[PDB]
Amino acid sequence: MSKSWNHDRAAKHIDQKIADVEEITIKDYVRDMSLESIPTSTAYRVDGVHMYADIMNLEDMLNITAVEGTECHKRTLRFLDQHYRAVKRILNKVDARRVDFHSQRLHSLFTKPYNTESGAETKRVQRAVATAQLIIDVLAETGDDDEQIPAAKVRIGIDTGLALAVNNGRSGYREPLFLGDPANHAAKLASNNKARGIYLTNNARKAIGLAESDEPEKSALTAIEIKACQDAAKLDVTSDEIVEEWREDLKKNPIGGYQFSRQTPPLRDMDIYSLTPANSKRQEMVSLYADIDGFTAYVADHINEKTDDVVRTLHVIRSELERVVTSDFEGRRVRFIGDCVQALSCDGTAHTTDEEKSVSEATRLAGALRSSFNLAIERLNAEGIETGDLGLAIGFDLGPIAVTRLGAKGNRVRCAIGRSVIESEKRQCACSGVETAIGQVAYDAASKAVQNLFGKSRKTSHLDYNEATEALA
Ligand SMILES: Nc1ncnc2c1ncn2[C@@H]1O[C@H](COP(=O)(O)OP(=O)(O)OP(=O)(O)O)[C@@H](O)[C@H]1O
Ligand SMILES: [Ca+2]
Ligand SMILES: [Mg+2]
Ligand SMILES: [Mn+2]
Ligand code: NA
Ligand code: NA
Ligand code: NA
């Protein structure tokens with residue numbers, strides 16, 4: 001139960017991780033290689049098309065009523081589960097990779113055909129567009145009126161380019177994640193505003209012979225443009241085939257009921273990999289995002305030259321931030337989303353959350369994360385590893401949060417959801433690489449000392465562990 005950060009303990013673990021990544025192997029991803037269970041010391045340069053599908057009406061499900069109650073969460077989870085199952089079936093059918101499903105954003109990757117084939121990149125983009133429209137068509141049909149579950153309102157972003165594949169740091173280190181421009185830029189297009197449709201970067205537009213746009217985020221593909229991609233890609237999978245299979249899956253092996261229990265403290269003991277709808281976890285707690293600021297551009301700068309230092313930097317920083325969350329502060333790392341850490345923190349008893357204490361300890365955790373980040377940069381640089389212009393943006397908020405695994409057996413994905421999850425990320429995104437921000441709900445529940453620290457702006461700079469300790473004395 002002790003929650004404390006220590007410079008010596010952090011330095012020792014950072015130094016050990018630096019030693020582990022002394023030798024790095026960078027491989028160019030070609031046919032017959034595998035992106036599963038990538039070792040710590042290895043990374044793959046992947047030329048691929050990234051699609052991000054944003055289910056825009058998630059936030060509406062979370063806000064059906066003023067109070068964020070149990071029924072709100074059960075219906076939100078069933079909505080995400082139904083729609084995820086449909087998309088995952090589509091991706092399986094077209095032999096694309098499901099990278100992750102983070103909140104309402106579903107990331108997929110198209111790597112085939114390979115560049116040995118003439119016009120491969122054009123064909124990858126065409127396949128991604130055709131698959132995107134299949135997602136849109138299907139997700140109009142995968143609600144359930146009887147359960148008050150709406151159809152999904154979909155906005156899609158697509159980019160093409162190079163990324164660096166490393167293991168995703170969770171669940172036995174099996175599945176990869178993909179660092180660099182294309183997943184990031186695809187996600188930005190997908191989340192830019194609330195207009196439905198399929199939005200390509202200028203890279204992706206150029207690859208399929210379309211004129212570049214001064215504002216790609218406002219230039220949806222037309223029906224005619226999409227049809228050209230469909231006719232070229234020849235998916236030979238129809239929306240009706242997907243829906244019939246999706247319905248059969250749910251009939252034979254239904255979702256069943258969502259049922260919630262609290263996590264026995266400490267939160268680090270949550271066994272996410274084992275959760276199911278009937279065994280979901282839920283309680284008021286703090287959602288925290290710690291984003292390595294500037295990391296995407298750093299990868300882009302190094303995608304071809306000095307790529308090995310990227311791998312060293314990523315593993316040293318992410319492993320240490322995870323250790324601070326889990327071992328120093330007894331919290332739970334949910335996932336990494338690209339380079340960013342998604343975490344949970346809680347204080348209280350087996351029966352109730354201590355809101356004020358949870359927010360104070362999250363403030364201390366935020367300081368500890370920054371102290372460990374700063375120390376990791378120092379130690380990396382002292383060993384001659386280039387770390388560019390990296391920073392750490394942190395946001396956190398308080399509210400009821402449910403954790404489960406969505407999907408059919410063999411095709412599941414973890415989900416942590418709540419208004420405070422969504423809002424903690426928005427607070428994080430408002431921060432520079434030296435800033436830490438708090439949500440309004442957390443602020444309102446906080447001690448006077450925490451309120452004074454964050455002030456009117458609900459944000460502060462250079463909040464390291466020493467500063468947090470002194471502010472909360
Ligand atoms: N490598 C990645 N893989 C998957 N999703 C990503 C990746 N990088 C960013 N994202 C997502 O892309 C969107 C934009 O991320 P963000 O706001 O952090 O961009 P940024 O601040 O420009 O990047 P950085 O923090 O690396 O400087 C978010 O939805 C985020 O979750
Ligand atoms: Ca980042
Ligand atoms: Mg302030
Ligand atoms: Mn960022
Ligand atoms: Na593919
Ligand atoms: Na501890
Ligand atoms: Na904690």
Side-chain angles (χ1 to χ4, degrees), residues 1-20 169 265-270 285-293 313-334 336 339-348 354 356-382 387 390-398 424 427-428 431 433-438 442 446-447 449-450 452-454 459-473:
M1 89 148 45
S2 155
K3 299 187 181 186
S4 184
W5 187 81
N6 181 277
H7 173 104
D8 287 346
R9 172 167 60 247
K12 194 174 303 198
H13 284 102
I14 289 161
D15 285 348
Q16 290 165 3
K17 296 286 182 172
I18 291 177
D20 290 348
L267 206 61
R268 65 173 298 175
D269 288 345
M270 186 184 293
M285 54 185 160
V286 173
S287 173
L288 184 147
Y289 282 85
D291 180 3
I292 310 179
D293 180 71
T313 294
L314 182 280
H315 282 291
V316 170
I317 297 176
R318 90 169 181 193
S319 289
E320 174 60 11
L321 298 181
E322 178 182 69
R323 193 197 61 74
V324 171
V325 168
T326 302
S327 188
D328 288 347
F329 282 82
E330 323 293 347
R332 191 63 162 88
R333 186 272 295 127
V334 176
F336 305 105
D339 66 66
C340 183
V341 188
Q342 180 183 3
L344 299 165
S345 183
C346 195
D347 290 272
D354 182 335
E356 181 182 306
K357 185 178 193 187
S358 292
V359 172
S360 284
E361 298 287 51
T363 299
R364 291 180 63 237
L365 170 56
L369 290 166
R370 186 168 306 283
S371 288
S372 270
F373 174 83
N374 291 343
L375 183 53
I377 295 294
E378 284 193 2
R379 299 295 255 243
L380 286 164
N381 293 349
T387 61
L390 300 178
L392 191 72
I394 298 171
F396 65 96
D397 197 16
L398 172 74
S424 68
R427 297 304 299 134
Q428 176 265 104
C431 287
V434 296
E435 281 174 332
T436 298
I438 192 171
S447 69
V450 168
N452 287 346
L453 172 62
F454 287 99
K459 186 166 67 170
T460 191
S461 59
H462 309 287
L463 178 64
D464 69 359
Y465 186 69
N466 283 348
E467 191 74 26
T469 299
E470 297 175 355
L472 277 43

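Positions are given from 1 along the sequence.
Among residues two or more places apart in sequence or in another chain, the salt bridge (charged side-chain N to carboxylate O under 4.0 Å, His left out) test is passed with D291 by none. Residues passing the ring-ring contact (aromatic ring centres under 6.0 Å, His included) test with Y465, sequence neighbours excluded: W5. Applying the side-chain hydrogen bond (donor to acceptor under 3.5 Å, both in side chains) rule to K12 yields no partners; only residues at least two apart in sequence or on another chain are considered. Under the salt bridge (charged side-chain N to carboxylate O under 4.0 Å, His left out) criterion, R364 pairs with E361, sequence neighbours left out. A362 meets the side-chain contact (heavy atoms from CB on, under 4.5 Å) test with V286, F396; sequence neighbours excluded. In this structure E435 satisfies the side-chain contact (heavy atoms from CB on, under 4.5 Å) test together with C431, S432, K459, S461, sequence neighbours excluded. Every residue two or more places apart in sequence or in another chain that forms a side-chain contact (heavy atoms from CB on, under 4.5 Å) with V341 is listed here: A290, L321, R333, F336. Shown here are the side-chain hydrogen bond (donor to acceptor under 3.5 Å, both in side chains) partners of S424, two or more places apart in sequence or in another chain: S287. Looking at residues two or more places apart in sequence or on another chain, you find no salt bridge (charged side-chain N to carboxylate O under 4.0 Å, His left out) involving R318. Scanning for side-chain hydrogen bond (donor to acceptor under 3.5 Å, both in side chains) contacts around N6 gives an empty result, with sequence neighbours left out. Take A471 and apply the side-chain contact (heavy atoms from CB on, under 4.5 Å) test, not counting sequence neighbours, and it matches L453. Remark: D328 pairs with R9, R323 by the salt bridge (charged side-chain N to carboxylate O under 4.0 Å, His left out) rule, at least two apart or across chains.
Contact annotation: the side chain of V434 never approaches that of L392 to less than 4.5 Å [non-hydrogen atoms, C-beta and beyond]. Side-chain contact between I292 and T313: absent, with no pair of heavy atoms (C-beta onward) separated by less than 4.5 Å.
Rounded to the nearest 0.5 Å, atoms CD (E467) and OG1 (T460) are 7.0 Å apart. Here the CG-CG distance, from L375 to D8, works out to 9.5 Å after rounding to the nearest 0.5 Å. The distance from atom CE of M270 to atom CG of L267, rounded to the nearest 0.5 Å, is 4.5 Å. The distance from the OG1 atom of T363 to the CZ atom of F454 is 4.5 Å, given to the nearest 0.5 Å. Distance check: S360 OG to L472 CG gives 5.0 Å after rounding to the nearest 0.5 Å. Between the NE2 atom of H7 and the CG atom of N374 there is a distance of 11.0 Å, given to the nearest 0.5 Å.
With salt bridges taken as basic N to acidic carboxylate O contacts below 4.0 Å, one links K3 and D347.
At a cut-off of 3.5 Å, with distance as the only test, a side-chain donor of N381 or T387 sits close to an acceptor on the other residue. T326 and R332 share no donor-acceptor pair across their side chains, judged by distance under 3.5 Å alone.
Considering every non-hydrogen atom in both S372 and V324, the closest pair reads OG-CG2, 3.3 Å. Taking both residues in full, the closest heavy atoms of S345 and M285 are given as O-CB, 3.4 Å, listed atom of the first, atom of the second, then distance. In plain terms, the two heavy atoms of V450 and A446 that are nearest each other are CG1-CB, 3.6 Å. The shortest heavy-atom contact between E330 and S2 is OE2-O, 2.9 Å. The minimum heavy-atom distance linking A11 with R379 is given by the pair CB-NH2, 3.6 Å. For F329 against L365, the heavy-atom pair with the smallest separation is CE2-N, 3.7 Å.
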Inset, instruction - Given side-chain contact (heavy atoms from CB on, under 4.5 Å), test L344 with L288 step by step and report yes or no. - result: CA-CA 6 Å; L344 299 165; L288 184 147; over 6 Å; no
Legend entry - Test side-chain contact (heavy atoms from CB on, under 4.5 Å) applied to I317 and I377, step by step: CA-CA 8 Å; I317 297 176; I377 295 294; 4.0 Å; yes
Legend entry - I18 and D20: CA distance, side-chain angles, deciding distance, side-chain contact (heavy atoms from CB on, under 4.5 Å) verdict: CA-CA 5 Å; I18 291 177; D20 290 348; over 6 Å; no
Inset, instruction - Show your working on side-chain contact (heavy atoms from CB on, under 4.5 Å) between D397 and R427 and close with a plain yes or no. - result: CA-CA 8 Å; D397 197 16; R427 297 304 299 134; 5.5 Å; no
